[PDB]
file final_11.txt (compact mmCIF, C-alpha atoms and all ligand atoms)
# COMPACT_ATOMS: atom_id res chain seq x y z
CA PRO E 1 0.00 0.00 0.00
CA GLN E 2 0.75 3.68 -0.38
CA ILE E 3 0.15 5.58 2.80
CA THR E 4 -0.26 9.32 2.66
CA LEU E 5 0.78 11.47 5.56
CA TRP E 6 -2.20 13.73 5.93
CA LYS E 7 -2.93 11.71 9.09
CA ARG E 8 -0.68 9.76 11.48
CA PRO E 9 0.33 6.48 9.71
CA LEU E 10 -1.24 4.04 12.10
CA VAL E 11 -1.52 0.35 11.34
CA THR E 12 -2.61 -2.83 13.09
CA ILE E 13 0.08 -5.13 14.32
CA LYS E 14 0.12 -8.55 15.99
CA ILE E 15 2.77 -9.16 18.61
CA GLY E 16 2.84 -11.72 21.38
CA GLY E 17 -0.62 -12.98 20.28
CA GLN E 18 -2.05 -9.50 20.82
CA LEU E 19 -3.49 -7.03 18.32
CA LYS E 20 -2.29 -3.47 18.78
CA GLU E 21 -2.25 -0.21 16.87
CA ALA E 22 1.18 1.24 16.05
CA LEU E 23 2.74 4.21 14.32
CA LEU E 24 4.98 3.70 11.27
CA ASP E 25 7.89 5.91 12.33
CA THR E 26 10.81 6.57 9.96
CA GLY E 27 12.36 8.76 12.66
CA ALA E 28 12.77 5.85 15.08
CA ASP E 29 15.77 3.53 14.92
CA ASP E 30 13.99 1.00 17.09
CA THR E 31 10.53 -0.51 17.64
CA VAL E 32 9.00 0.38 20.98
CA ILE E 33 5.79 -1.09 22.41
CA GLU E 34 3.84 -0.22 25.56
CA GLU E 35 4.09 -2.53 28.52
CA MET E 36 3.31 -6.15 27.72
CA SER E 37 4.79 -9.55 28.43
CA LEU E 38 7.10 -11.10 25.83
CA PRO E 39 9.04 -14.36 25.90
CA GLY E 40 12.77 -14.84 26.41
CA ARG E 41 15.52 -13.04 28.10
CA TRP E 42 15.80 -9.27 28.08
CA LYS E 43 18.25 -6.58 28.98
CA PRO E 44 17.75 -2.99 29.97
CA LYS E 45 18.21 -0.09 27.58
CA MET E 46 17.80 3.68 27.59
CA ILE E 47 16.26 5.33 24.51
CA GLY E 48 15.87 9.01 23.89
CA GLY E 49 14.12 11.58 21.87
CA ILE E 50 12.10 14.72 22.40
CA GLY E 51 11.65 15.15 26.12
CA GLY E 52 14.69 12.99 27.06
CA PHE E 53 15.08 9.30 27.80
CA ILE E 54 13.06 6.35 29.03
CA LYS E 55 14.20 2.95 30.29
CA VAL E 56 12.94 -0.06 28.32
CA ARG E 57 13.40 -3.81 28.19
CA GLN E 58 15.09 -5.13 25.04
CA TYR E 59 13.80 -8.44 23.67
CA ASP E 60 15.45 -10.00 20.65
CA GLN E 61 14.10 -12.24 17.88
CA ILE E 62 10.48 -11.18 18.30
CA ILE E 63 8.05 -11.82 15.46
CA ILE E 64 5.60 -9.08 14.59
CA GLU E 65 2.94 -8.99 11.88
CA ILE E 66 2.69 -5.41 10.56
CA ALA E 67 -0.31 -4.64 8.43
CA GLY E 68 -0.22 -8.25 7.26
CA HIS E 69 3.55 -8.47 6.70
CA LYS E 70 5.64 -10.60 9.07
CA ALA E 71 8.99 -9.41 10.32
CA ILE E 72 11.38 -10.50 13.07
CA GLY E 73 13.68 -8.34 15.14
CA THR E 74 14.38 -6.63 18.40
CA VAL E 75 11.44 -5.05 20.23
CA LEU E 76 11.78 -2.65 23.12
CA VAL E 77 9.08 -2.62 25.79
CA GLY E 78 8.43 0.28 28.16
CA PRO E 79 6.52 3.43 28.91
CA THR E 80 6.32 4.84 25.41
CA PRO E 81 3.39 7.21 24.89
CA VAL E 82 2.58 5.43 21.58
CA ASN E 83 3.50 2.10 20.02
CA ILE E 84 6.25 2.73 17.43
CA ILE E 85 7.37 0.58 14.46
CA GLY E 86 10.85 1.81 13.79
CA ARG E 87 13.35 1.28 11.02
CA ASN E 88 14.62 -2.05 12.27
CA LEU E 89 11.25 -3.60 11.27
CA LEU E 90 10.21 -1.15 8.53
CA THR E 91 13.15 -2.36 6.44
CA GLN E 92 11.97 -5.98 6.77
CA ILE E 93 8.55 -5.20 5.26
CA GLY E 94 10.17 -3.25 2.40
CA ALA E 95 8.90 0.15 3.48
CA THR E 96 10.26 3.17 1.62
CA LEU E 97 9.72 6.92 1.67
CA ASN E 98 8.84 8.25 -1.77
CA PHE E 99 8.57 11.81 -3.15
CA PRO K 1 13.49 9.70 -4.73
CA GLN K 2 12.78 6.37 -3.14
CA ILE K 3 14.46 6.28 0.30
CA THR K 4 15.02 2.98 2.02
CA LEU K 5 15.35 2.78 5.78
CA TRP K 6 18.47 0.76 6.42
CA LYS K 7 20.07 4.06 7.48
CA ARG K 8 18.45 7.12 9.08
CA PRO K 9 16.61 9.12 6.35
CA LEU K 10 18.71 12.23 6.64
CA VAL K 11 18.49 14.94 4.03
CA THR K 12 19.80 18.42 3.49
CA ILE K 13 17.42 21.28 4.20
CA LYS K 14 17.84 24.97 3.59
CA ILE K 15 16.34 27.52 5.96
CA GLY K 16 17.38 31.19 6.27
CA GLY K 17 20.01 30.70 3.47
CA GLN K 18 21.79 28.01 5.48
CA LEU K 19 22.11 24.32 4.92
CA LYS K 20 21.32 21.90 7.72
CA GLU K 21 20.75 18.13 8.08
CA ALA K 22 17.30 16.84 9.07
CA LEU K 23 15.51 13.56 9.54
CA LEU K 24 12.42 12.69 7.51
CA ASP K 25 10.10 11.57 10.32
CA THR K 26 6.71 10.05 9.63
CA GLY K 27 6.23 9.69 13.40
CA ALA K 28 6.28 13.47 13.86
CA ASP K 29 3.16 15.59 13.45
CA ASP K 30 5.30 18.73 13.21
CA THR K 31 8.73 19.97 12.06
CA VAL K 32 11.15 20.76 14.87
CA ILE K 33 14.59 22.26 14.47
CA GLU K 34 17.38 23.09 16.84
CA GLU K 35 17.91 26.61 18.09
CA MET K 36 18.33 29.14 15.27
CA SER K 37 17.03 32.61 14.41
CA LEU K 38 13.87 32.94 12.38
CA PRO K 39 11.95 36.04 11.35
CA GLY K 40 8.73 37.36 12.72
CA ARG K 41 6.68 36.65 15.78
CA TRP K 42 6.36 33.29 17.45
CA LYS K 43 3.64 31.56 19.44
CA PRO K 44 3.97 29.07 22.24
CA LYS K 45 3.52 25.36 21.74
CA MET K 46 4.07 22.22 23.81
CA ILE K 47 5.03 19.00 22.09
CA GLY K 48 5.37 15.45 23.38
CA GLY K 49 8.01 12.90 22.42
CA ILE K 50 9.24 9.61 23.74
CA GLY K 51 10.67 11.08 26.93
CA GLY K 52 8.07 13.69 27.87
CA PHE K 53 6.96 17.17 26.83
CA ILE K 54 8.94 20.24 25.82
CA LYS K 55 8.18 23.91 25.04
CA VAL K 56 9.06 25.22 21.65
CA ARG K 57 8.69 28.42 19.63
CA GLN K 58 6.19 28.16 16.76
CA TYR K 59 6.96 30.18 13.61
CA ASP K 60 4.44 30.13 10.78
CA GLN K 61 4.87 30.48 7.01
CA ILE K 62 8.61 29.81 6.99
CA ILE K 63 10.28 29.10 3.66
CA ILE K 64 12.23 25.85 3.81
CA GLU K 65 13.78 23.64 1.11
CA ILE K 66 13.75 19.90 1.88
CA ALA K 67 15.96 17.68 -0.32
CA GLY K 68 15.51 20.23 -3.05
CA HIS K 69 11.71 20.55 -2.71
CA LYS K 70 10.20 23.87 -1.65
CA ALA K 71 7.87 24.05 1.31
CA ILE K 72 6.42 27.02 3.20
CA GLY K 73 4.89 26.26 6.58
CA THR K 74 5.18 25.97 10.32
CA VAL K 75 8.57 25.38 11.93
CA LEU K 76 8.99 24.74 15.64
CA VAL K 77 12.29 25.72 17.29
CA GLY K 78 13.42 24.05 20.51
CA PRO K 79 15.60 21.46 22.22
CA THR K 80 15.19 18.59 19.89
CA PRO K 81 18.02 15.97 19.68
CA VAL K 82 17.99 16.18 15.87
CA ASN K 83 16.29 18.34 13.25
CA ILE K 84 12.97 16.70 12.35
CA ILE K 85 10.85 17.11 9.22
CA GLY K 86 7.35 16.08 10.25
CA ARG K 87 4.15 15.41 8.43
CA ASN K 88 3.16 19.05 8.06
CA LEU K 89 6.02 19.52 5.57
CA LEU K 90 6.27 15.91 4.32
CA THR K 91 2.81 16.38 2.82
CA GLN K 92 3.93 19.58 1.10
CA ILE K 93 6.74 17.74 -0.69
CA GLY K 94 4.47 14.89 -1.73
CA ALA K 95 5.96 12.18 0.47
CA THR K 96 4.32 8.85 1.03
CA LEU K 97 5.20 5.61 2.75
CA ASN K 98 5.09 2.58 0.52
CA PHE K 99 5.37 -1.14 1.12
CA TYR F 359 -0.70 17.95 22.63
CA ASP F 360 1.08 17.24 19.34
CA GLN F 361 3.32 14.27 19.17
CA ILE F 362 6.86 14.12 17.85
CA UNK F 363 8.48 10.73 17.91
CA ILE F 364 11.81 10.39 16.56
CA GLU F 365 13.76 7.86 18.66
CL CL W 1 -3.77 11.87 12.91
CL CL W 2 0.61 -8.67 28.43
CL CL W 3 16.42 -5.80 14.88
CL CL W 4 15.68 -2.97 0.27
CL CL W 5 2.48 23.84 8.13
call {"tool": "encode", "arguments": {"input": "final_11.txt", "output": "structure tokens"}}
result
Amino acid sequence: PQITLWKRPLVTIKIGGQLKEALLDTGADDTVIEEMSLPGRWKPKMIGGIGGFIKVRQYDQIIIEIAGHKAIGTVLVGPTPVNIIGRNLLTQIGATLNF
Amino acid sequence: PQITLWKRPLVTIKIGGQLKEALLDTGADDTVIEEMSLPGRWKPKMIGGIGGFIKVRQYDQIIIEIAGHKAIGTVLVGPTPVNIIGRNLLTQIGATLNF
Amino acid sequence: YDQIXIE
């Protein structure tokens, strides 16, 4: 699909058996999801942006379905104000910016 | 162009006759740039990012070139970690997300 | 308020 940017580019994702809404975010290096349980080991991370930093849990090798496209990669979990699909997963679904 | 996302989508912008680097950010409603002088009056605005909320200066109808495309619109000035081109100006240059 | 997420 071609998604215009008149509105926030929100899509449905499936992660951990759960359906969520998430923002396709070319400005994010990483994928960050609000608090939820995920399997495996994790390690702590600090991530920053406007307003400073938050502490998150880093889980590796997590499968996500993004608007019907499956991808695997690292997912960060923590107190993000919005669920974010960042570049680490956008690349896997072949997402590009076009103008 | 067609910009893939394996690297940060950084482009050259021109504002006030000067070249700067900025990130094309579909996760941003608005365009935010680091401290610089702009003409005219400003208005207050609060914006929220991953780490919390910040105050910025809102300047309207600012001429800005983005990867060689002309835009004229609102630019926020404040303590952002990186210069951000948000959807208000991405729509002016005809950008879409595609996968 | 408006939301700006880079990360
Ligand atoms: Cl919206
Ligand atoms: Cl849960
Ligand atoms: Cl990854
Ligand atoms: Cl590719
Ligand atoms: Cl605008």
call {"tool": "interface_residues", "arguments": {"input": "final_11.txt", "of": "chain E", "to": "chain K", "cutoff": "6 Å", "atoms": "only C-alpha atoms", "output": "compact mmCIF listing (two decimals) with C-alpha atoms, in the coordinates of the input"}}
result
# COMPACT_ATOMS: atom_id res chain seq x y z
CA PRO E 1 0.00 0.00 0.00
CA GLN E 2 0.75 3.68 -0.38
CA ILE E 3 0.15 5.58 2.80
CA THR E 4 -0.26 9.32 2.66
CA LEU E 5 0.78 11.47 5.56
CA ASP E 25 7.89 5.91 12.33
CA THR E 26 10.81 6.57 9.96
CA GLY E 27 12.36 8.76 12.66
CA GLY E 49 14.12 11.58 21.87
CA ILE E 50 12.10 14.72 22.40
CA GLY E 51 11.65 15.15 26.12
CA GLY E 52 14.69 12.99 27.06
CA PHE E 53 15.08 9.30 27.80
CA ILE E 54 13.06 6.35 29.03
CA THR E 80 6.32 4.84 25.41
CA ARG E 87 13.35 1.28 11.02
CA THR E 91 13.15 -2.36 6.44
CA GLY E 94 10.17 -3.25 2.40
CA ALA E 95 8.90 0.15 3.48
CA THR E 96 10.26 3.17 1.62
CA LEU E 97 9.72 6.92 1.67
CA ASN E 98 8.84 8.25 -1.77
CA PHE E 99 8.57 11.81 -3.15
call {"tool": "interface_residues", "arguments": {"input": "final_11.txt", "of": "chain F", "to": "chain E", "cutoff": "8 Å", "atoms": "only C-alpha atoms", "output": "PyMOL selection string"}}
result
chain F and resi 362-365
call {"tool": "closest_residue", "arguments": {"input": "final_11.txt", "among": "E:19, E:76, E:46, E:38", "to": "residue E:58", "atoms": "all atoms listed in the file"}}
result
E:76
call {"tool": "residues_around", "arguments": {"input": "final_11.txt", "residues": "residue E:63", "least_positions_apart": "3", "cutoff": "12 Å", "atoms": "only C-alpha atoms", "output": "list in words"}}
result
residues 13, 14, 15, 16, 17, 18, 31, 38, 39, 59, 60, 66, 69, 70, 71, 72, 73, 74, 75, 89 and 92 of chain E
call {"tool": "calpha_fit_rmsd", "arguments": {"input": "final_11.txt", "fixed": "chain E", "moving": "chain K"}}
result
0.5 Å
call {"tool": "atom_distance", "arguments": {"input": "final_11.txt", "atom1": "atom CA of residue K:43", "atom2": "atom CA of residue K:20"}}
result
23.3 Å
call {"tool": "atom_distance", "arguments": {"input": "final_11.txt", "atom1": "atom CA of residue K:57", "atom2": "atom CA of residue E:22"}}
result
28.4 Å
call {"tool": "atom_distance", "arguments": {"input": "final_11.txt", "atom1": "atom CA of residue K:36", "atom2": "atom CA of residue F:361"}}
result
21.5 Å
call {"tool": "closest_residue", "arguments": {"input": "final_11.txt", "among": "K:77, K:11, K:62, K:33", "to": "ligand CL 5 (chain W)", "atoms": "all atoms listed in the file"}}
result
K:62
call {"tool": "build_atoms", "arguments": {"input": "final_11.txt", "residues": "stretch 26-49 of chain K", "atoms": "N, CA, C and O atoms", "output": "JSON list (two decimals), keeping the file's coordinate frame"}}
result
[["chain", "number", "residue", "atom", "x", "y", "z"],
["K", 26, "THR", "N", 8.14, 10.29, 9.77],
["K", 26, "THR", "CA", 6.71, 10.05, 9.63],
["K", 26, "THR", "C", 6.02, 9.94, 10.96],
["K", 26, "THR", "O", 4.79, 10.04, 10.98],
["K", 27, "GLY", "N", 6.76, 9.74, 12.05],
["K", 27, "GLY", "CA", 6.23, 9.69, 13.40],
["K", 27, "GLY", "C", 6.04, 11.04, 14.05],
["K", 27, "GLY", "O", 5.60, 11.11, 15.19],
["K", 28, "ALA", "N", 6.37, 12.11, 13.35],
["K", 28, "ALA", "CA", 6.28, 13.47, 13.86],
["K", 28, "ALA", "C", 5.12, 14.22, 13.21],
["K", 28, "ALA", "O", 5.07, 14.31, 11.99],
["K", 29, "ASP", "N", 4.23, 14.77, 14.05],
["K", 29, "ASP", "CA", 3.16, 15.59, 13.45],
["K", 29, "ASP", "C", 3.74, 16.87, 12.84],
["K", 29, "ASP", "O", 3.24, 17.37, 11.84],
["K", 30, "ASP", "N", 4.77, 17.40, 13.47],
["K", 30, "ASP", "CA", 5.30, 18.73, 13.21],
["K", 30, "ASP", "C", 6.81, 18.68, 12.94],
["K", 30, "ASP", "O", 7.47, 17.69, 13.21],
["K", 31, "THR", "N", 7.32, 19.75, 12.40],
["K", 31, "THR", "CA", 8.73, 19.97, 12.06],
["K", 31, "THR", "C", 9.37, 20.73, 13.19],
["K", 31, "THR", "O", 8.86, 21.78, 13.60],
["K", 32, "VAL", "N", 10.46, 20.20, 13.72],
["K", 32, "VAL", "CA", 11.15, 20.76, 14.87],
["K", 32, "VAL", "C", 12.64, 20.88, 14.54],
["K", 32, "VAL", "O", 13.29, 19.90, 14.18],
["K", 33, "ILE", "N", 13.16, 22.08, 14.71],
["K", 33, "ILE", "CA", 14.59, 22.26, 14.47],
["K", 33, "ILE", "C", 15.27, 22.89, 15.65],
["K", 33, "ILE", "O", 14.68, 23.56, 16.50],
["K", 34, "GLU", "N", 16.55, 22.60, 15.77],
["K", 34, "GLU", "CA", 17.38, 23.09, 16.84],
["K", 34, "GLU", "C", 17.49, 24.60, 16.80],
["K", 34, "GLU", "O", 17.22, 25.23, 15.77],
["K", 35, "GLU", "N", 17.85, 25.17, 17.93],
["K", 35, "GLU", "CA", 17.91, 26.61, 18.09],
["K", 35, "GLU", "C", 18.59, 27.34, 16.93],
["K", 35, "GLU", "O", 19.67, 26.99, 16.48],
["K", 36, "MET", "N", 17.90, 28.32, 16.42],
["K", 36, "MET", "CA", 18.33, 29.14, 15.27],
["K", 36, "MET", "C", 17.45, 30.39, 15.27],
["K", 36, "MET", "O", 16.41, 30.46, 15.94],
["K", 37, "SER", "N", 17.83, 31.40, 14.51],
["K", 37, "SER", "CA", 17.03, 32.61, 14.41],
["K", 37, "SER", "C", 16.12, 32.54, 13.19],
["K", 37, "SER", "O", 16.54, 32.21, 12.07],
["K", 38, "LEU", "N", 14.86, 32.87, 13.43],
["K", 38, "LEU", "CA", 13.87, 32.94, 12.38],
["K", 38, "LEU", "C", 13.15, 34.28, 12.48],
["K", 38, "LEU", "O", 13.11, 34.83, 13.58],
["K", 39, "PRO", "N", 12.61, 34.74, 11.36],
["K", 39, "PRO", "CA", 11.95, 36.04, 11.35],
["K", 39, "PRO", "C", 10.54, 36.02, 11.86],
["K", 39, "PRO", "O", 9.91, 34.96, 11.82],
["K", 40, "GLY", "N", 10.13, 37.21, 12.34],
["K", 40, "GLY", "CA", 8.73, 37.36, 12.72],
["K", 40, "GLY", "C", 8.41, 37.01, 14.14],
["K", 40, "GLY", "O", 9.27, 36.77, 15.01],
["K", 41, "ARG", "N", 7.13, 36.99, 14.46],
["K", 41, "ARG", "CA", 6.68, 36.65, 15.78],
["K", 41, "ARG", "C", 6.51, 35.16, 15.90],
["K", 41, "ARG", "O", 6.25, 34.46, 14.94],
["K", 42, "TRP", "N", 6.61, 34.67, 17.12],
["K", 42, "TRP", "CA", 6.36, 33.29, 17.45],
["K", 42, "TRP", "C", 5.25, 33.18, 18.49],
["K", 42, "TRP", "O", 4.92, 34.14, 19.21],
["K", 43, "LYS", "N", 4.72, 31.99, 18.56],
["K", 43, "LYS", "CA", 3.64, 31.56, 19.44],
["K", 43, "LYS", "C", 4.09, 30.38, 20.26],
["K", 43, "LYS", "O", 4.94, 29.59, 19.80],
["K", 44, "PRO", "N", 3.56, 30.20, 21.44],
["K", 44, "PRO", "CA", 3.97, 29.07, 22.24],
["K", 44, "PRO", "C", 3.33, 27.75, 21.83],
["K", 44, "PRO", "O", 2.20, 27.72, 21.34],
["K", 45, "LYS", "N", 4.10, 26.67, 22.01],
["K", 45, "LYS", "CA", 3.52, 25.36, 21.74],
["K", 45, "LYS", "C", 4.28, 24.37, 22.61],
["K", 45, "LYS", "O", 5.47, 24.47, 22.89],
["K", 46, "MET", "N", 3.57, 23.38, 23.09],
["K", 46, "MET", "CA", 4.07, 22.22, 23.81],
["K", 46, "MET", "C", 3.96, 21.00, 22.91],
["K", 46, "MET", "O", 2.93, 20.80, 22.27],
["K", 47, "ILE", "N", 5.04, 20.24, 22.87],
["K", 47, "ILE", "CA", 5.03, 19.00, 22.09],
["K", 47, "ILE", "C", 5.51, 17.85, 22.96],
["K", 47, "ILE", "O", 6.27, 18.05, 23.90],
["K", 48, "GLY", "N", 5.03, 16.65, 22.62],
["K", 48, "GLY", "CA", 5.37, 15.45, 23.38],
["K", 48, "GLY", "C", 6.17, 14.51, 22.52],
["K", 48, "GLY", "O", 5.92, 14.36, 21.34],
["K", 49, "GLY", "N", 7.18, 13.91, 23.11],
["K", 49, "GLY", "CA", 8.01, 12.90, 22.42],
["K", 49, "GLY", "C", 8.12, 11.71, 23.36],
["K", 49, "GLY", "O", 7.44, 11.52, 24.34]]
